[PDB]
RNA sequence: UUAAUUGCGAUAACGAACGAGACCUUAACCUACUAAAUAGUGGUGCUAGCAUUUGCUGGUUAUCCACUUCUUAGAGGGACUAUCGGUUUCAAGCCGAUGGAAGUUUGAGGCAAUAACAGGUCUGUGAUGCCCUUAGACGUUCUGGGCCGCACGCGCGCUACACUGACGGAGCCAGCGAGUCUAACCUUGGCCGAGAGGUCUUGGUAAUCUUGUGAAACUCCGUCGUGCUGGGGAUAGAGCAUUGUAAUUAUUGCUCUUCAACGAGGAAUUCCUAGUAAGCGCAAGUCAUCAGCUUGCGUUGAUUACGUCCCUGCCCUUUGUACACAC
């Protein structure tokens with residue numbers, strides 16, 4: 001109804017646009033803490049992309065008049081067009097920036 | 001006269017040959033009858049703590065026992081309740097003659 | 001054709017039979033319709049207020065059609081549900097026996113359900129024909 | 001002696017027997033038409049065997065299915081498996097392999113669950129927890 | 001006298017005792033065993049109760 | 001793991017010790033022949049004994 | 001009258017009560033076991049022991065007394081239950097007989113080492129493939145320690161131990 | 001004791017409970033511009049309470065403009081029918 | 001469409017039985033504010049008064065609130081079940097009563113004081129401040145003082 | 001190399017035993033056997049409703065006939081990683097693809113070695129050595145309290161902290177298991193009561209009757225609205241019944257009313273790799289009455305690994321030791 005293309009196409013491009021490409025890992029080894037950046041497999045990219053979209057709409061539907069249906073729709077549409085208001089897009093920015101700083 | 005041979009036991013092998021002997025005595029002479037009906041086994045289960053005292057990790061048990069019930073349906077006049085009544089009883093299994 | 005009560009969806013038929021029970025209220029209206037809670041598990045009386053008695057009668061009669069014999073306890077168990085016993089967990093609670101009794105006797109007065117052998121009730125011969133005639137109507141209303 | 005076949009099907013604990021005889025195209029479950037499911041979402045899941053290959057093979061058969069056991073989805077999975085095996089059984093007592101073999105290939109080409117039942121069954125509960133793998137909350141101090 | 005055992009023990013644990021040792025507390029009244037659990041383990045394989053699973 | 005127990009290992013070698021041609025190069029044909037030759041009280045045990053025997057029948061070729 | 005589930009639970013209790021009574025009364029007679037055969041009206045309870053002459057005893061008064069003893073306990077009717085006396089076969093392969101025999105030797109005052117090794121030698125010379133006896137308690141001191149006398153091989157796990165080993 | 005949690009909602013902007021006139025002209029001229037309309041949409045943008053959208057969503061569906069693309073359990077999806 | 005306008009008769013607040021009755025909510029639930037009236041009793045009062053249940057508290061004609069009010073102060077006269085009252089078989093007289101906003105709290109103090117004066121177990125424990133229904137207090141009921 | 005001193009093989013060792021494995025039970029497969037109104041199926045008669053045009057939906061043990069696909073079983077079969085392609089002295093084996101109902105020892109349990117705790121129990125035992133004690137007895141028994149008592153601190157658990165919701169209608173599907181004889185159990189059905197419950201009867205010693213346990217979570221229509229509110233039901237007041245000789249510091253059940261904390265929980269910590277977790281209810285155990293417990297059963301059914309010794313621990317070998325009640 002909104003953003004009149006094929007919704008299946010919208011779903012697939014959203015997950016390909018919110019899947020992190022670089023990520024940090026634990027390497028504390030021996031000495032309090034320390035991060036270190038690594039890469040993300042394509043399978044983990046899809047898994048992380050789906051998880052971020054689901055948790056973002058679920059949290060945004062917590063104690064809110066908007067139902068989970070429109071919250072999921074708004075989250076997927078906004079992530080599809082790569083806008084900053086998406087929870088998943090913002091989370092992808094955080095992980096990539098953290099990995100970039102600890103490169 | 002609707003003689004029915006009811007057999008209950010805990011040993012399947014001993015109950016099987018008793019039915020086999022009863023059914024083999026049935027298929028001799030004429031004795032048109034109904035074969036062994038296989039009732040579901042009644043499995044008793046009493047679950048109890050292994051510990052006689054209260055100390056110890058929670059480890060329960062299950063003492064089970066299976067009852068196999070099969071009935072044999074006969075149909076003939078008195079000329080076989082002089083003959084079927086000769087019980088082929090082994091230790092364990094029991095017989096209860098019921099007419100009509 | 002060969003349509004019957006089994007050739008219809010539940011929601012449409014019960015509403016249709018409720019529709020063809022409110023327009024002429026021949027069956028009965030008990031005096032305590034507006035004060036019952038339908039069970040000891042339900043916390044609030046039904047919000048249908050004006051009706052809800054022919055709605056239950058429609059559901060009961062349709063339930064009778066597909067079965068042979070039932071009882072008031074059987075209706076209580078079917079129409080019951082879980083009860084919120086405070087902080088204690090939920091538990092199944094039977095419905096109000098008087099409500100199903102009044103409905104069942106009311107269906108006897110009109111001539112839709114009568115007593116059957118081996119105990120219990122059973123759909124009536126006049127009951128079967130009118131209930132089937134309802135199915136022939138509700139399908140063609142949408143047509 | 002009128003043409004007829006019979007099958008069976010299970011999902012977790014349900015059973016569904018399809019007495020597929022020779023008829024004018026009647027698909028009924030518990031005396032109700034196929035279009036009256038209950039989840040109203042898996043209606044197309046039980047519509048499956050109707051629509052993978054086409055309705056032309058369904059025009060000379062009547063599938064009557066009786067179901068008992070399991071949840072609403074389990075009943076649905078019982079119905080779809082029974083009618084799918086009912087279709088092949090009707091093709092496995094009258095009609096040729098080309099009708100049957102590409103029928104019985106295409107059904108599994110989409111999903112193996114149409115003919116092959118789900119092998120997984122509930123596992124027994126072990127003492128010390130609410131389930132088999134699950135255990136009660138243990139603590140120290 | 002009439003006061004020695006006037007108390008009505010027919011509806012509780014005091015009205016039931018084991019057939020082996022007449023022990024109180026835990027008993028097995030299931031299937032009318034009327035035997036307490038701890039000696040039931042000792043004589044389990046006398047009544048036909050085995051353990052396969 | 002599929003590591004065979006010494007019980008099926010030693011018996012299979014003893015079977016081929018005196019019965020070269022009896023154990024054919026296929027599993028199903030000689031699986032029942034092993035039962036006819038050795039007293040085995042378990043259907044599972046004779047199934048694994050024939051499996052190792054057939055595999056040994058293939059290796060010797 | 002009584003359902004099948006309760007009836008078979010009762011007869012096992014009947015077996016348990018009868019077995020323990022015979023064990024406590026005919027302990028000195030080398031009692032081994034009992035078979036409770038039930039048949040309509042009359043029932044036969046075959047008793048297995050080594051000293052079958054003493055089991056019947058003095059023309060048979062004791063065995064008649066034992067028949068009369070279980071008569072009043074089990075609330076039967078005159079002539080309904082008959083007690084038999086069958087001699088125990090392979091007496092060297094009956095752990096119940098050896099357990100009682102060891103108890104009498106220990107009670108008399110015979111050396112534990114001689115009795116324990118004497119009985120195990122008697123067991124395997126009778127045609128057994130293995131035996132094992134454990135004596136535990138206060139021996140030679142106050143602190144309790146267990147002694148293990150064994151020869152041959154004894155399986156400890158699986159179905160066959162229940163099928164084969166008598167404990 | 002200590003909670004380690006916040007306790008506040010916001011500022012409840014309670015609004016129409018009975019449909020008035022000055023917003024009756026509003027709704028008839030403002031919802032026909034909604035590409036996507038539902039219960040929650042006019043709750044937020046049009047600022048309508050609980051038991052007025054359901055009547056208003058039933059209003060135009062029976063009368064005019066917006067059309068039932070998908071009206072179902074707990075979700076009444078309607079478009080900008082024109 | 002079941003849409004109607006408003007002319008100005010809506011009142012954002014009510015006052016029944018000497019208590020605050022807030023508007024903007026349905027009448028069946030806006031009457032629950034009265035101390036001694038719950039969801040079921042308010043539903044019963046509204047049902048016998050024929051006040052069009054789907055009506056806000058503010059959008060109520062004044063001729064219906066008095067009819068509701070009179071039912072509150074005398075339920076048994078208007079065919080209300082005898083088993084639908086909070087104070088049944090009063091210890092003073094025995095007639096089936098129904099305490100109201102100010103009567104619910106006041107009558108509660110009288111029965112505790114009657115229990116206290118007679119030196120009963122419930123009365124003394126009420127004065128002490130502990131449980132009077134037999135609950136455990138070893139690990140429960142801590143943050144009370 | 002294996003889950004495994006489980007095997008290949010090496011080799012002052014050879015031959016062995018226990019454990020593991022093997023074995024047993026259960027869950028899956030059998031349209032192949034034996035069958036069966038205490039389980040069913042189809043057909044022939046009787047009979048009902050809709051349309052009558054050809055049918056569909058039903059009811060019916062003395063209306064009979066035929067069958068065992070589904071329902072239960074007993075005797076059996078099947079699964080051995082089978083084949084192929086890679087990896088390996090090219091051995092044990094491992095991996096991927098090539099059947100199946102089942103290819104993580106098919107899954108899950110039972111059984112479970114030597115040695116040991118100075119582990120728990122004399123409150124299971126008419127199994128107990130010793131000490132105390134045995135008649136105003138520390139025995140048994142009677143009456144009434146007590147084990148529930150709360151300034152406070154912890155461990156298992158149940159409700160939630162509302163919209164993937166709550167409430168009111170409808171659809172509304174399971175499995176395990178139990179049930180009375182000289183007692184009074186499971187109770188069907190009809191009647192009365194808002195309900196709890198009461199009443200007159202019926203069936204059942206049990207696949208037969210309770211029971212198709214018509215269970216709940218679940219789904220469709222509506223009420224509601226982001227509101228310490230229709231969320232949530234602690235705390236109390238009044239009344240109505242059941243169990244018992246007795247209920248008072250309410251056994252419990254039912255009705256009305258009072259409507260408190262709680263808005264996702266801090267240091268820290270528990271469980272988990274598939275029908276498993278989790279959500280959901282049911283049966284059984286204790287039981288005259290009382291589940292928020294336990295033991296089992298089934299219903300809906302995710303995400304996340306196919307790895308590591310980083311943390312917490314285990315096995316073998318080498319090494320060091322001023323340890324031996326042994327870091």
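The count begins at 1 with the first shown residue.
If you're wondering, the header gives electron microscopy, 3.6 Å.
Cβ coordinates come from backbone N, Cα and C, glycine included.
Long-range C-beta contacts of residue B:2 (ubiquitin cross-link), restricted to its own chain and to partners at least six residues apart, with a cutoff below 8 Å, comprise B:73, B:74, B:75, B:98, B:99, B:100. Summarising the annotation, Swiss-Prot assigns ubiquitin cross-link to B:2 (among others) and lists a large-scale study or a structure entry as the type of evidence.
Annotated ubiquitin cross-link per Swiss-Prot: B:13 (among others), in sequence order. In the three-state DSSP reading, residue B:13 (ubiquitin cross-link) counts as helix. The Cβ of residue B:13 (ubiquitin cross-link) has 10 other Cβ atoms within 10 Å, all protein chains considered.
Of all Cβ atoms in the protein chains displayed, 8 besides its own lie within 10 Å of the Cβ of residue B:82 (ubiquitin cross-link). Per Swiss-Prot, the feature ubiquitin cross-link maps to B:82 (among others); the stated evidence is a large-scale study or a structure entry.
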Cα-Cα distance linking residue B:82 (ubiquitin cross-link) and residue B:13 (ubiquitin cross-link), given in Å to the nearest integer:
27
Among the recorded sites B:2, B:13, B:82, the ones with a Cβ under 8 Å from any Cβ of chain G are none
